[PDB]
Every structure is written in C-alpha cells, then in structure tokens.
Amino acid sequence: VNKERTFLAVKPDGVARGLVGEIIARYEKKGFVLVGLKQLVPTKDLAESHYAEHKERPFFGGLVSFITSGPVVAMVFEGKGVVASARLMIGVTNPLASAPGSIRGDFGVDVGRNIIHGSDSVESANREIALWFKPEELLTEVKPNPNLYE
C-alpha cells in the first residue's frame, strides 16, 4: 500500500551541521509525502523509550545522552515501501561503510555522530510515530503526485 509510513529524526549533530533542509529535500525529491514535522529537544524519558531496544548494549548511554543534548527534527514520511527505501537512502549504521549517494555516505564519518535516525521496520515505525507524534500532528488525507503512482 502507498500509505506506509516511517519515522525519521535528524539528530543534534545533523541539526547543528545545517543538514535539515538537505535531508528533507532528498525525501521530497524521491516522492515521499511529509505527514508530520516538528523540532523539539527530547527529554530523557523520550530518548530512553525510543532507544529502549538498545538498553543492554554498550553505546546506549552515550546514545541517550547525545540525543537529549540539542534540538532534533522529527518527521514522518508516507509512501510505498517508505520504511525500506528511507533506510537505503540513509545508508548503514557505520557512515564510513555507507555508499556515496546515501545520507551517511555523503556526510558522516563516526558511528556516534551518524546524523539521522530512520525506523528499521514497519513495526518499529508505527511504534516510533506514536511515541513522537500526537494524532492531531499528523496529516490524515495525504495527496502525493499521481505522476508518482500508477
């Protein structure tokens, strides 16, 4: 279905480096529709819930500390295969191993400062969207380009 959604968040390093517009533009050019967007400074509670799956991993501490250190731009994009496509556009966890053309491939060098977060599955996307956005903050009627879909 062309109504799948994914959650993306430009982390504090991405915001501080002035890459918000660059990132949003890549997704708009692709044809995905922006259905939610806001800038906020995450609380420790939000950070810990969002990254809950990593609680027993060694990088969790710094991960949570870093995401709550400055503004984050949260967004929700809608479109066919958006979760997997958005990941391909981001690259892989390690920016140095991400291919030129992807976001981390073009702009990142350190795994701890990898610019953006993207849901890894439809299940985690649905969970993240509900965590960061209230229902009234999301567009209900989406209208993409019919030049995009058959």
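Basically, rigid core = biggest C-alpha set you can superpose within 1.5 Å across the two forms. We number the residues from 1 along the sequence you see.
- Here 42-50 and 58-66 are scored by the root mean square distance of their C-alpha atoms in 4 other deposited structures of this protein, with each structure fitted by the rigid core; the higher score goes to 58-66.
- Here the rigid core sets the fit, and in 4 other deposited structures of this protein the C-alphas of 138-146 stray farther than those of the other stretch, out of 138-146 and 21-29.
- Judged by mean Cα B factor in the deposited record, 134-142 ranks above the other of 134-142 and 17-25.
- In this entry, 37-45 shows the higher mean Cα temperature factor of the pair 80-88 and 37-45.
- Within the group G31, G105, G62, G118, the record's highest C-alpha temperature factor is found at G62.
- Ranked within its chain, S98 lands in the lowest third, by CA B factor from the PDB record.
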